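>>> coordinates only, no sequence provided:
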């Protein structure tokens, strides 16, 4: 009887794999388009963030002059 | 403390050209005896004096200078 409940629990109750693959098509339509953006982010980020951190580095170095007058 | 103005109060107590001054000074010397021990309370020497203290104040005088630099950059 539990098996019957297990029958209820079986994934893809809609039993429409042909539609499921289409769902996966929509998933590509989402994910794959997301990928270029999400990858573009780091390029839009760290590429400048390094240099800006270096700009912090300059002031950090010049602090030492005051530290040792 | 007491070593300071105690001298100030003992200082005016001298009176009469006559050798009666001791009658006053006996009151003084006992305090001075206490001073000999009060001085023991002040048996310390960190900084020398001037000009080393002045060098300290000047040391801050340079050390306070940056405060009107990078902090200004913060603004």
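That came through, no problem. Numbers count the residues shown, from 1 in each chain, chains lettered A, B, ... in the order given.
>>> what lies in contact with stretch A:48-59?
Residues outside stretch A:48-59 that contact it (CB atoms under 8 Å, 6 or more residues apart in numbering or on different chains): B:70, B:73. To be clear about C-beta, it is placed using only N, CA and C from the backbone, and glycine gets the same treatment.
>>> what's residue A:12 sitting at in phi/psi?
The phi/psi pair for residue A:12 (degrees, to the nearest 10) reads phi 70, psi 50.
>>> enumerate every residue touching it.
Residues near residue A:12 by CB under 8 Å, 6+ apart: residue A:20.
>>> ditto for the one 4 residues further on
Contacts were defined as CB under 8 Å, 6+ apart; by that measure residue A:16 touches no other residue.
>>> from residue B:19, how far off is it?
130 Å (CB to CB, to the nearest Å).
>>> so where do the helices sit in the chain?
In the absence of a named chain, chain A is used. A:2-9, A:17-67 (DSSP state H).
>>> wrong one, I was asking about chain B
Under DSSP H, chain B gives helices at B:2-11, B:21-41, B:52-63, B:70-74.
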